[PDB]
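Two separate entries follow, structure 1 and structure 2, each one form of the same protein chain as structure tokens.
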Structure 1
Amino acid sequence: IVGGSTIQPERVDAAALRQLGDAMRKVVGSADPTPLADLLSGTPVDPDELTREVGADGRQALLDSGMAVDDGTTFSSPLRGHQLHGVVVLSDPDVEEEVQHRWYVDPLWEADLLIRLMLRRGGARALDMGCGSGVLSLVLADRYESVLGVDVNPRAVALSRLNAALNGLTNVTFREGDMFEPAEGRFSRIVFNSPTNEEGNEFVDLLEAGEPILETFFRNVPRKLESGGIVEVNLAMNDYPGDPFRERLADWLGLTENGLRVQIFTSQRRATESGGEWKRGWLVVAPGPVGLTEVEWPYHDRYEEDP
């Protein structure tokens, strides 16, 4: 089972982690097969070669944090490395649902896509709801005085702190908790790579939590959002005959009474039962004329392996 490994950033000093991060930045996500790159790709590596690359300091940092395991004559990693838009991010390997631990962290299914979708504005205070590996938070930290990442998965919170230290980022905070419970006051930016996919209304697990998690999210948005604030959400939406997602959403948001401008970009569509239709898209609340707008944009087909 994958996603249960111990993650302990507190067991390594910040300077060492930062320097590991700097070594990752050079080799992770490129074509050079260094020990480090191999390690964070799922390939076992020779510790003496790893030591050549990142030093005994680096080698010990990999082990003490849980990034690598000493299997005797080789090291392996439970984690996989990524380098996105200047940021290095470790997460779990992408594996089928049936072998995921309950504390499995989103292996960056959509994150590289989402960052390209995200508005390139900055501001005071950002919130990354369901931060998982921390990836969206790490990106937002460049632009915001302060970023708060929230997850109900304690392993995600630890992984987030690890990844922030690897990148030397210190204006980010990560908190374990349930949706908005640990998020006090208001935010100028809220990002939500929602745990919704094929489960419809049913709660399945942390990565497919059901439509009610969106209702909870959107019902609270008006009181968590600063004036002129921006909300961005990746989500699956179910339309049923006589019951479109957009109208339930409008009700949750109190869309008209709150003067929110909503724009939905629908990328993928699927047939579902009850004559329903499933869609995946990118939802943006941004300052502008009250109302909801939906447009077609097959950005999965277009980008996926691109910008």
Structure 2
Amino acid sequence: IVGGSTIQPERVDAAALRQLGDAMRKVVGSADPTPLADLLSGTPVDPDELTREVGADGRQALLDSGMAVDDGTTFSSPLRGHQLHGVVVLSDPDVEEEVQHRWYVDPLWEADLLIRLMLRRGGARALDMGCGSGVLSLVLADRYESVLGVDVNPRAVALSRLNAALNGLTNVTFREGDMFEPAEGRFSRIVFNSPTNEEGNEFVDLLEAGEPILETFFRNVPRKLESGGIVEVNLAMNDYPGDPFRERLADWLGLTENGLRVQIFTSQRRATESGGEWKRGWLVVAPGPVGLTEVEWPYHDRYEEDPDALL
């Protein structure tokens, strides 16, 4: 079972983590793999060779944080390292649904894609709902005065704190809780890589939590959003006969009465035997004329061709 490892970033001092993060950044994804890169690829490594790379303190920090485990003759890691969009990120390896622990963290299934979709503006307060590994928080860090990540998974929170510290990000904070409960005040930016996929209405687990998690999210968005602010959501949507997702969404948001503008960019579609349709897409709330617009934009298709073409 994968996703139950103990993660304790508070056990390493801030400078030491940041230095580790710098060491990771120069080797993870390098064409010339070092012990550190091997470690973060899931390969057992010689601790002595590791020690030559990150020093004795770096070695101990790996252990104390839970980033490495002493097998006996080797170190290995339960985590996998990634470098993207200027940050390093550790998360769980990508594994089949049946072997995922309750507290398994999104292995970056879509994050790299979503960051390419994200608007480039900055502002005062940003909120990353269901922050997981923390990845979307990390890239918001340099253009927002503060970033808050929330997750109900306590291991995700620990992992996000770790990743923020690896990247030296002072203005990035994480709270454990249920949706908006720990998120005080309003935010100029709210991002949500929602735990919705194939489960429809029903809760399966923390990564497929059902449509009610979207209803909770959008019902509360207007009271958590700074006017003029921006909301971005990766989500699965179900259209049923006489019951399209977009009309449930408009109701949750109080779209007309609040005068909000919503754009849904639908990338993937699959008709269902109901006569309905499953969709995956990208939803944006942003200033503009009141209303909801849905356009078909195969950005997954584009991303497969050239990721840089969503730039």
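For clarity, a rigid core is taken as the largest C-alpha set superposing within 1.5 Å between two forms. The first residue in the sequence of structure 1 is number 1, and each one after it adds one.
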Rigid-core fit between structure 1 and structure 2, the member of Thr272, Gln263, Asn258, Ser41 whose C-alpha shifts 2 angstroms or more: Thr272
C-alpha positional change at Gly185 between structure 1 and structure 2 - rigid core reference, Å: 1.4
Per-residue C-alpha deviation between structure 1 and structure 2 [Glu96; rigid core superposition; Å]: 0.6
